[PDB]
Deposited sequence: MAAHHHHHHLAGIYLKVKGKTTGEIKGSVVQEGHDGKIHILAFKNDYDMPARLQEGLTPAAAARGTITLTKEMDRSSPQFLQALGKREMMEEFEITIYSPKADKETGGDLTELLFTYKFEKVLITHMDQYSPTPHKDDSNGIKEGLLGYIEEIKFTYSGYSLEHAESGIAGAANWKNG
């Protein structure tokens, strides 16, 4: 089925699922990555950069798991986003050193949450072509 799916396992919680077997349906995503134009003398690109990905999802059985990880600073052991479109896989993201840094959960005004994850290493792969990019990986 078409759309955005997350495959995630916490370092202490283990596999986090919703109700693409084992994957959580994501309603929307925004990957935001910032690099200053001027690199501080002697500073690594990675330390200068800020990568965050915000996932919007229906509140579900994973919602307690994410909420706990946030407060306990639990790292995600596995974090992979796969995007399907008309049928076929389009994009695969993978992220390393993933920490949850913000959650908002809210009612209608169904129940929705926005979860923001900060990461270090990343990978994006265009499936049809096989072109991939990665930085700060392993």
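Exercise. Take the full deposited sequence, match it to the modelled residues, and report the stretches without C-alphas.
Key: Since the structure holds only modelled residues, the stretches it omits are 1-9, 29-33, 101-110, 134-147, 177-178.
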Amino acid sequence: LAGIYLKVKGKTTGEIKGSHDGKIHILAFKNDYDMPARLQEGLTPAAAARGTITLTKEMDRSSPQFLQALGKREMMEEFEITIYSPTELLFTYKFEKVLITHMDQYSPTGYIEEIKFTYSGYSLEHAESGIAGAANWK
From here on, numbers count along this sequence of modelled residues.
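Quiz item: Hey, which bit's got the bigger mean C-alpha B factor in the entry, 10-18 or 116-124?
Solution: It is 10-18 that shows the higher mean C-alpha B-factor.
Quiz item: Between 87-95 and 27-35, which has the larger average Cα B-factor in the PDB entry?
Solution: According to the PDB entry, the answer is 87-95.
Exercise. Ordered by C-alpha B-factor within the chain, which third holds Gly110? Give me lowest, middle or highest, please.
Key: Highest third, going by the recorded CA B-factors of the chain.
Quiz item: Comparing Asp60 with the other modelled residues of its chain, is its CA B-factor in the lowest, middle or highest third?
Solution: For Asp60, the deposited C-alpha B-factor lands in the middle third.
Self-check item: Entry-reported Cα temperature factor of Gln68, expressed as the chain third it lands in
Solution: Within its chain, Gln68 is a lowest-third residue by C-alpha B-factor, going by the deposited values.
Practice problem: Determine, from the deposited record, the chain-internal third of the Cα B-factor for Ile53: lowest, middle or highest. | Solution: For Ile53, whose C-alpha B-factor we compare with every modelled residue in the chain, the answer is the lowest third.
Quiz item: Which third of the chain does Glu74 land in by C-alpha B-factor: lowest, middle or highest?
Solution: Middle third - that is where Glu74 ends up once the chain's C-alpha B-factors are sorted.
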